[PDB]
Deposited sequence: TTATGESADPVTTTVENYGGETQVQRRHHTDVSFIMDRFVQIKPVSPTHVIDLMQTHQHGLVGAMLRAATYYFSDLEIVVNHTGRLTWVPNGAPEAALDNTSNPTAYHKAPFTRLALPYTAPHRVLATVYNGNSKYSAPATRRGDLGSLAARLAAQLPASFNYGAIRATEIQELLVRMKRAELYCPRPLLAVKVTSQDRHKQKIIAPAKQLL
């Protein structure tokens, strides 16, 4: 207690300052690798889709945790529900290559297709925000090289992506639900029907 505020050095007091005892902490569920290793849904999906992790909903679990980091690295695992033949290409591939079966191509089995894809970007890490343009001037557009490749099929219905080996580097603001004109955000919590 009673430090210099302006120095911005971390100060973490505990309950022993007034007679309490600090308890055991188990922080497995806030680990980055654990929290990011889930299937999040890419809702806007077309027959030819370029896999960009910024397509995730900004208020979803994985989406918001990703947007809370400036830079990220992860291997990618996809689940695709397609009605034709699914072809995947790496980052630098021309769009015309999606029509050729010598590329990684999965044939429709029945429920859906689950594949593991490597990180193919030519960059050290990928960024959720880029302050500039890679074209030879608004910065709202991420460089075209921030993607995990592209997939093409006759029709894609659902696309789930899972971040493996996730690594997040520079934290960014993460917002909860806006609360106005009330003391707490009151929402229905699951309670037994009785």
- Note on the structure: Not represented among the modelled residues are deposited positions 137 to 151, 210 to 212
